[PDB]
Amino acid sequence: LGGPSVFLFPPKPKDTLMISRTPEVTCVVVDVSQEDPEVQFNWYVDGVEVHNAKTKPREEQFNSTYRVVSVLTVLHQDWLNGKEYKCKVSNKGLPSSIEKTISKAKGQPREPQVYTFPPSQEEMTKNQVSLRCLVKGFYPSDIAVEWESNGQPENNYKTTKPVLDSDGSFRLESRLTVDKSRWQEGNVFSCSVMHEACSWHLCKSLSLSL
């Protein structure tokens, strides 16, 4: 007992769905001693070692330990195809090296439906109105939701964490809040929903206007 632990994190959902972008797997080593700061990383893709990993300069934590992070770029298709990413961590503080493995959630991809809603009758008596965008029937839970007004990014939104449904699929909600006037003056609002099961990972949704 004692000595370093390793934790392994998947890429960011949006990074996995936009081929334009660079998905990364991230290996984090904590409880590295002040004595043996140095950490070697070995990465594997379905068991075969890869060398493109970038290790970040180690960082001193307040509890008198070092934290060391290695970041492995992965290919759009490899990650989505369930390739297996292993992070092996060697330190003089460990008798023998430590492994973790991650891949995408196992299972049968399901395309979501997106339902868009103007504000409820009871909301239309308020200074501020909400525009709701409901996503249900997606598997896995990896997804990206975003809002534009007249193709410009809109930032006053909140998106629930996907919730598991009865049939195994996931459901979530996204709400964008704007001045009643902006809605009434007839501006257009778009929910942008990306999921792997959607064709080109671009889900179709109807824009909202009065």
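The first residue of the shown sequence is 1; numbering continues from there.
In this entry, the higher average B-factor at the C-alpha atoms falls on 163 to 171, of the pair 143 to 151 and 163 to 171.
For the pair 173 to 181 and 34 to 42, the mean B factor over Cα atoms is greater in 34 to 42. Of the candidates 76, 100, 83, 136, the deposited coordinates give 100 the top C-alpha B factor. Compared with the other modelled residues of the chain, the Cα B-factor recorded for residue 69 ranks in the lowest third. Looking at the C-alpha B-factors along this chain, the one for residue 26 belongs to the lowest third. The entry lists a Cα temperature factor for residue 116 that places it in the lowest third of the chain's modelled residues. Sort the modelled residues of the chain by CA B factor and residue 8 lands in the middle third.
Annotation for residue 51: C-alpha temperature factor in the highest third relative to the rest of the modelled chain, per the entry.
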